[PDB]
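Coordinate inspection notes
As a plain string of letters, each chain reads:
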Protein chains: 4
Amino acid sequence: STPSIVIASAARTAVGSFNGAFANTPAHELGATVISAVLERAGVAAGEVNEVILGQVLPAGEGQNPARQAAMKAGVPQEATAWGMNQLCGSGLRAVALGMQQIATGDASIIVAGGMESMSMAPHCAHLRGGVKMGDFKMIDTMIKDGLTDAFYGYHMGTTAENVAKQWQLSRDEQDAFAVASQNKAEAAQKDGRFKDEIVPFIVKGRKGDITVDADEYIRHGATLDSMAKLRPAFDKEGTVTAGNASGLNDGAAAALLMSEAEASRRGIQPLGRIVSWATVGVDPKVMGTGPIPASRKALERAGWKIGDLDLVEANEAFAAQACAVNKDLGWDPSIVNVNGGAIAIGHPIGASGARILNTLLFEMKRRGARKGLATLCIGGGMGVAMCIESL
Amino acid sequence: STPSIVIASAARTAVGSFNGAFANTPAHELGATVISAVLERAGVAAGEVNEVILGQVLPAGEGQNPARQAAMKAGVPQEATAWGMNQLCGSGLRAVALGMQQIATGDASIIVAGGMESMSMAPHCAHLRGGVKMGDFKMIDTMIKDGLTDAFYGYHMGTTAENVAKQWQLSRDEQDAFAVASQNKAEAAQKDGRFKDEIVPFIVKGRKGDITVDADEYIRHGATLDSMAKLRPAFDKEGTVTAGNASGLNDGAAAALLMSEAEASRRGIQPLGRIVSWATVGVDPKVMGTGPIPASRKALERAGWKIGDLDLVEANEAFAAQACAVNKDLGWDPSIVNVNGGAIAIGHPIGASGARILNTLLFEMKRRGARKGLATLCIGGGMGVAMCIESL
Amino acid sequence: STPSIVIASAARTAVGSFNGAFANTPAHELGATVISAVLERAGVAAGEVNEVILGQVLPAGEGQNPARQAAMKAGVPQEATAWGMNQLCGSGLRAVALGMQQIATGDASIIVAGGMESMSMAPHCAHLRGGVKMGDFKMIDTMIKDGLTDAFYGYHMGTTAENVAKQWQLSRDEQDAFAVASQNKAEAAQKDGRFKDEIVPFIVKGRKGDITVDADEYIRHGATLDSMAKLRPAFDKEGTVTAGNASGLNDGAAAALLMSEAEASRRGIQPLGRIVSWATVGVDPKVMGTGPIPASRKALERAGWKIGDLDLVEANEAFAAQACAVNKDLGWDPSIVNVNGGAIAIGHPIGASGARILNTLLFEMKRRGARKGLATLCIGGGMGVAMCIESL
Amino acid sequence: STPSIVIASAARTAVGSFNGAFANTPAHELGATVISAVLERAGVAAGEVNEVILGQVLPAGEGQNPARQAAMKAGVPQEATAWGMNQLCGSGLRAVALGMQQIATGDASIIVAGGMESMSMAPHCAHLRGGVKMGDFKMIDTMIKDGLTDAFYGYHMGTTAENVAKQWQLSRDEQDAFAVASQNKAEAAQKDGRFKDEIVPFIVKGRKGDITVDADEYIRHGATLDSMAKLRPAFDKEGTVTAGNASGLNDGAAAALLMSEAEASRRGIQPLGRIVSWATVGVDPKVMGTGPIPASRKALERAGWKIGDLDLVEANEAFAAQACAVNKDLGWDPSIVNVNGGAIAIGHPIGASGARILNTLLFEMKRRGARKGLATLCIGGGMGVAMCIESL
């Protein structure tokens, strides 16, 4: 026997700007909106879900197991189970793979999997148990410390982007021209409603009126080459990596309902793809941006695919330095990568990002009629992750 | 063939008291030591490890992916992978299930899985990005907030254990008799040397001298009934759960080394046991302590076992109310349950506990000649987790 | 020969709104600009200053003795001295009386006195030296706790205002009419340029552009009765005191340069006024708004003046309720009182407020040729302070 | 008529060690006990007090105007007034001069003046209103920032002491001997009972029992030269200033009751002394410890006294470096200086200090029948204060 698991349906919230639309929205509320979206999208009841798996890197102050909080809110019953996980920036795609294994091993019928992040709602913290007899103590930003800081080399993820830039000799112009392309592609898809299918509106409840967010607010309209070239380097003071050519700090969530291919056929569901293979591999944390290269190669090797059989790719844009590098090495046609733009434009809600690009990949595959696709992301601390999808 | 996954080796640190031995020791330092110890007792080099999965509930401020930090510090190379997960209190036993599924689906050969927790190091926090225009606020204790406060009703786990008491008509004398029986069992076994084999010593690097922690310090010697019956209830001013018949707040780590049964035989490794089956199930959050009941029935049914078949049990004592309710329903001989003691005496490092009680079961099964064996736990928010084990 | 002290020159900054124009300006920067202004307006050099005395209620986190920081920044020599003082709302006026006394006793020739306050920059705090063993604790708003809360009764100053409303039988209509009138009179004075003489502009230094602040930003233009009528009681849910008939939370500095009458004559300075008398008296904390009553009476008795001898009055408007009470009891003609509006409109930068209203008195006295003035304020904790000024 | 003000009576608490006897005692509680004491000692009823004046550098979080808190606790009537002031280390003496001035200008008859401080209770703070959009921020120790750091050069008072050691070429051995001598003189004086007359005991109310504190707890008994010599410099890795030859962080209060000489005679009071003169002068902040030189010289000139006229002197020991420079420059017989030890032994409760050493001077003057005395302190930010006292 050979299991065969499918992504029956999918949905992501809009990607919100740092301290923007979802500045005060807990992640699990966003998780709840995507959970109910994929349940109604597949025509599966919440009472049929066995388990819910959500990546999330910054859960501090949100209470017990936010994965359970989002399941219970979304109308999943208490007889189910739920948990979160953290492979950092790869978390939201990894969870989908972990959900695929629950079914493959005979321990679940129907999983909901993805990620959720509120980088806005991430707190400052300090270890205050001992007590402070004298002297300033630091209140630590958990978003910077737990999401953006290499634990081994002490510097920001964007410094790793400098390392990869200098390795591959990627000029400031090349990085900027990739950054403006991503903003133009993304603004172009948004106008044309190519993001409508995947986005489920989130309602931000308010004292003085409810608001419906259904649009990626981080996309810069009319992004220009000169606007990119005007900027100062954020990390290295004589470097190449600017705020324009790296992705942002963002809020959002994204998911996929998974079931066996036969169960989908029982119920008349038309899946957004079969999960044919997946893989995660580690590299040096100094150049974590190279993660997607070994990861995307192993995934393809597991599918029995060559790189030149693909039709579509989502390769996550943490930095125009590392995105450009991954693309150079693997050699896939750049006109099939980030067709609707990438993270530099859309945003980078860490734990949600992997389900985010997966959502974007599956819907464009349905839209253009691509059969073979791949989603991959670089990962802080030096990993990569990847997934090969085939359209039914 | 059948995916027949074994536990090649196992190791834990001793469990520390809150702000005690491991007071200022990062969880990942504690998890580093167990990853080396599992690799040593098996005879398996760190380079051969594909991935490290560690359950951990309270990572705030410890930096990017402490599972990865634990693995790198232990000498597992950059090429391997690592990630955290959180199903609260079952996390450590569910990571062993997850790592098993890696091997069963053929995505990995060798996994080190378990849990780690530093509850002493968990910080206080607040969301301060919007600022606080006027008026007092709370700096929140993330240990309480994210580790012990049920997200649904707003209260402590010691009130969910009170709901199990009023429902199952347990007395203030019935619980006081179970807590002293688990402190006497654990003091007995400790002075016997039955904990020796599972514990790997941890070195607490001081400045005015090192200290070697090689014994659980939450175990209290000479537990009387007067001290247990003289306390005031902590979670209800006229109630039955106290500090003495509830579990503690603790630090600790624990892990198993996993591979296929065929691979153990090639390497000349006599495995502690074979993982026959596992399961998790949800229950009403209000009465979370009854997770072990349906979870152990699911696990047992999957193995094709009766409750009678079992020769040794590890039912985690989060409380004396949840524990007695699980022992009475399932009706298994309590003379074989928590045979060297439970978490009232031993302690309760949230994320580690699942991996902690797996150690105790695996080393006692080896020693007393018990063929079959089940470990089980209750989980906050309303779930249960269980894993059946068979001897070679 | 009895010591005669004169106010040679005075100045204030504009009064900023809470987290408004001066949101991130330390009180001492504001004080430094007013110190430089009184010196320039009197023709006295910084080098001649013996002492600076600045009332200030909320200096936490600003560093050692902000009054010295203000004097040094203003170029007052290191050989001079400087100190801060605190009689709450009375501070800025009390400091002038204290300055007067340094010259009366022969200990100094030349004093700059007043006060300064940045309610905006006041921090949140907690006592964390003992160490917090477990659970949540409070970050205390120092502005509320140290500035606005009665230390004996534990309620806000606005609750003392409610006590005064009840005792003097002051309707919500009478309080709201008074409030609207203070806004309309301030708006009119502002429009006609009656605050220009007293205000020295303040340059808020910026990364991306300097902003000159020379207008009182808290004054509401076109304030309507209905806008006051619509508000909810802020302190007693069936009370009369609201946000609209109370003063606000504000930032500013204000000062006066003093010397003897004979000294002003040698220098050829035409002084703003002679300090004829001052007084300070306690009342019940519960009705602290009544402070001005005994304080003004005692100040007039010391001058040898009848209430009817006054040509102009500044009675500070902490709350409409108390301003009304004061005016009723004293019986002075209301048309000579706060002729250019009061603190309901202008603001109440606590430690500066007494020097703020003295500036307004002095510059209107000059403009209209009023010979006899009085400035008075109520004081949290139950006190009053009053000063009689006569024109030369 | 040249007003002649006497110190009718005086008192102080013992000086408490940092987080020691008065660890959770608010400063106004200490002040209340000394207010009661000066009244009882002088035979004056609380109802007769016109004003209370208390220096206090670190009032954050204690609530509105702690001077008023103290006065009201001590039964001083609501109709009196009270205020705090801040001239840093000079405060507690300056407040006495300012009290004298109330009486001298005919504004009051009876004043209670001194200082109070609880460095233990001083909180950590931060400005949080604008929010912290991203990145770490410090919780600031208000004791260090507002008490002990130079606001201009950003360094500790200890560095100014190093500046004075370098400038006066004061060896480590000379400073250490001075420090040892302060300890041994204070020990001898404590043992002989010489602090008993000045100290009023203070009841620390407990929950498991009340503790009466009537001994200065910071004084080290049996202090050795070797114990000073073994310390490492605390501020300059190659300096001379140490924990041992500097004063400490402390809690306490101290006060004097003032009235006219003619008033004491009416009441039949034998006063502790007549205030003959006072002075305050500025110096370079970099060498603030030199303050006492120009202040003492100025106070003596004012009194009409030569340095040689003095029979007793209290010169506050902030640091052995500056105490030594002061004594060298003035050249007064070091045998009449700090005859019962100084603040290196006794402690330095900032705002209370100047009234602390006034108390010790007055009670030793009475003891030995000394006719002419002077007290002086150096002040943070570069100032000096001094008062001349003559026995009746």
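For chain A, the name recorded in the PDB entry is Acetyl-CoA acetyltransferase, with Zoogloea ramigera as its organism. A UniProt comment under Catalytic activity is attached to chain A, and it reads "2 acetyl-CoA = acetoacetyl-CoA + CoA". Database annotation for chain A, UniProt heading Sequence similarities: "Belongs to the thiolase-like superfamily. Thiolase family."

On a plain count of helices and strands, chain A comes out with 12 helices and 14 strands. Relative to the globule expectation of 21 Å for 392 residues, the C-alpha radius of gyration of chain A, 20 Å, shows essentially globular dimensions. Summarising its shape, the C-alpha atoms of chain A cover approximately 60 × 60 × 40 Å along the three principal directions. When the 392 residues of chain A are sorted by exposure, 66% land in the buried category. Put simply, of all contacts in chain A between residues at least 6 apart along the chain, 79% involve residues at least 24 apart.

With that out of the way, let us pick up the domain arrangement of chain A. Residues and elements named next belong to chain A. The domain boundaries assigned to chain A delineate domain 1 (4-124 + 194-275) and domain 2 (152-193 + 276-389). Relative to domain 2, the C-alpha centre of domain 1 lies at a distance of 18 Å. Taken together, the contact pairs 66 residues of domain 1 with 67 residues of domain 2. When domain 1 packs against domain 2, close to 5,500 Å² is buried across both sides, 63% of that on carbon and sulfur atoms. It is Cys89, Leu93 and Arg194 in domain 1 that bury the most area against domain 2; as a group they hold 17% of the surface buried on that side. One can count three salt bridges joining domain 1 with domain 2. At the surface where domain 1 touches domain 2, the tally comes to 32 residue pairs in polar contact. For the side of domain 1 that touches domain 2, the elements supplying multiple residues, two or more each, are β1 (5-12), α3 (91-104), β5 (110-118), α7 (225-229), β10 (250-260) and β11 (273-282). The element best represented in the side of domain 1 that touches domain 2 is α3, accounting for eight residues. By residue class, the composition of the side of domain 1 that touches domain 2 is 30 nonpolar, 22 polar and 14 charged.

Facing 69 residues of chain D, the contacting portion of chain C comprises 69 residues. Of the roughly 5,100 Å² buried between chain D and chain C on both sides combined, carbon and sulfur atoms contribute 53%. Per-residue buried area on chain D facing chain C is highest for D:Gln64, D:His127 and D:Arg129; these three make up 16% of the total on that side. For the pair chain D and chain C, the number of links is six salt bridges. Between D:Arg94 and C:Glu51 there is a salt bridge whose closest N-O contact spans 2.9 Å. Here chain D is connected to chain C by 44 residue pairs in polar contact. A total of six residues in the side of chain D that touches chain C trace back to one element, the largest contributor, which is strand β4 (residues 81-86) of chain D. For the side of chain D that touches chain C, the per-class residue count stands at 30 nonpolar, 26 polar and 13 charged. Both strand β4 (residues 81-86) of chain C and β4(D) contribute to a ladder of three bridges, which runs antiparallel. Bridging from a neighbouring strand, C:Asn86 pairs with D:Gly84 of β4(D).

By a widely used convention, the size of an interface equals the accessible area lost when the partners come together. In this complex, chain A contributes 16 residues to the contact, which on the side of chain D involves 15 residues. Approximately 1,300 Å² of surface area, both sides summed, lies buried where chain A meets chain D, with 61% of it carried by carbon and sulfur atoms. Across the chain A-chain D interface, the total number found is one salt bridge. Between D:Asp136 and A:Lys138 there is a salt bridge, and its shortest N-O distance comes to 2.4 Å. There are nine residue pairs in polar contact connecting chain A and chain D. Among the elements that line the side of chain A that touches chain D, the one with the most residues is strand β7 (residues 137-141) of chain A, at five residues. Residue classes in the side of chain A that touches chain D are distributed as nine nonpolar, three polar and four charged.

Before going further, it helps to examine the UniProt feature "active site" in chain A. Residues and elements named next belong to chain A. Taking the numbering used here, the UniProt-annotated feature "active site" corresponds to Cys89, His348 and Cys378. Of the residues just listed, which span 290 residues, no C-alpha pair is farther apart than 11.8 Å, and they cluster in one region. In this structure, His348 sits in the loop between α11 (343-346) and α12 (353-368). The buried category is assigned to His348, whose relative accessible area is 7%. Excluding anything up to four places from it in sequence, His348 contacts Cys89, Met119, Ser247, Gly248, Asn250, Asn316 and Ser353. Topologically, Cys378 is positioned in strand β13 (residues 372-379). Residue class for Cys378 comes out buried when judged on its relative accessible area of 3%. Excluding residues that lie within four positions of it along the chain, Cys378 makes contacts with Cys89, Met288, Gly289, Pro292, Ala318, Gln322 and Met383.

We now examine the pairing of strand β1 (residues 5-12) of chain B. All names here are of chain B. With eight of eight residues buried, β1 is to be regarded as a mostly interior element. Note: β1 against strand β11 (residues 273-282), three bridges, orientation antiparallel. Among the inter-strand pairings, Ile7 is bridged to a residue of β11, identified as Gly273. Looking at chain direction, β1 and strand β10 (residues 250-260) are connected through seven bridges and run antiparallel. Bridge pairing links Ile7 to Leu258 in β10.

Before going further, it helps to spend a moment on the environment of A:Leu39. Residues and elements named next belong to chain A. Along the polypeptide, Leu39 turns up in helix α1 (residues 27-42). Taking C-alpha positions, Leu39 is 22 Å from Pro3, a pair spaced 36 residues apart along the chain. Residues in contact with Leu39, not counting those within four places in the same chain, are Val44, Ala45, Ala46, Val49 and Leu257.

A few words now on the nonpolar core. By size, the foremost hydrophobic cluster in this structure holds 97 residues, and its most contacted members are A:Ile7, A:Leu258, B:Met143, B:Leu258, B:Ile275 and B:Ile389. In terms of nonpolar packing, the next biggest core, distinct from the first, is built from 96 residues, C:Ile103, C:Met119, C:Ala370 and D:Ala10 among them.

All right, on to the relation of the copies chain A and chain D then. Once chain A is rotated about the relating axis by 177° and shifted along it by 0.7 Å, it coincides with chain D to within an RMSD of 0.4 Å. Such a turn and shift between the copies fits a two-fold axis. It is A:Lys138 whose C-alpha, among those of chain A, lies nearest the rotation axis, at 2.3 Å. Take the interface residues of chain A: 94% of them recur as interface residues in chain D, which is what a same-surface contact looks like.

Glancing now at the relation of the copies chain D and chain C. Least-squares fitting of chain D to chain C yields an RMSD of 0.3 Å, with the superposition described by an axial translation of 0.1 Å and a rotation of 180°. A share of 100% of the interface residues of chain D reappears at the interface of chain C, consistent with the copies meeting face to face through the same patch.

We now examine a positive patch on the surface. On the surface, a cluster of positive charge is made up of A:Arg207, A:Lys208, C:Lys230 and C:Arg232. Within the secondary structure, A:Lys208 is located in the loop between β8 (202-204) and β9 (211-213).

So, about the packing of α3(A) against α12(A). Residues and elements named next belong to chain A. Where α3 meets α12, the closest approach of the two axes is 4 Å, and the angle between their N-to-C directions is 75°. By the angle class used here, α3 and α12 are roughly perpendicular. The residues of α12 that touch α3, namely those facing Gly92, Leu93 and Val96, are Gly354, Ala355 and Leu358. For the contact of α3 with α12, the class distribution of residues is four nonpolar, two polar and no charged.

The rules behind these values
- Residues numbered from 1 in each chain as written, not as in the entry; some residues may be left out.
- Chains lettered and ligands numbered in written order.
- Heavy atoms only, no water.
- UniProt positions renumbered as here; feature names shortened; annotations may be inferred.
- Helix = DSSP H or I, 4+ residues; strand = E, 2+ residues; numbered from the N terminus.
- Rg over C-alpha atoms; globule rule 2.2 N^0.38 Å.
- Buried < 20%, exposed > 50% of the residue type's maximum accessible area, 1.4 Å probe, protein only.
- Contact = heavy atoms within 4.5 Å.
- Domains from an automatic or database assignment.
- Buried area = accessible area lost by both parts, 1.4 Å probe.
- Salt bridge = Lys/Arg side-chain N within 4 Å of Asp/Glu carboxyl O.
- Polar contact = N/O pair within 3.5 Å; in protein donor to acceptor, adjacent residues only side chain to side chain.
- Nonpolar A, V, L, I, M, F, W, Y, C, P; charged D, E, K, R; others polar.
- Pairing = 2+ DSSP bridges.
- Core = buried A, V, L, I, M, F, W, Y, C linked by side-chain atoms within 4.5 Å.
- Least-squares fit on C-alpha atoms.
- Patch = residues over 30% accessible without salt bridge, like charges linked within 9 Å, V, L, I, M, F, W, Y side chains within 5 Å.
- Areas by Shrake-Rupley, 256 points an atom, 1.4 Å probe, with all protein chains shown as cover.
- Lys, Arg positive; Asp, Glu negative; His and termini not counted.
- Charge placed at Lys NZ, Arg CZ, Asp CG, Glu CD.
- Axes fitted to C-alpha atoms, helices over the stretch in contact; angles between N-to-C directions.
- Parallel < 35°, antiparallel > 145°, perpendicular 65-115°, else oblique.

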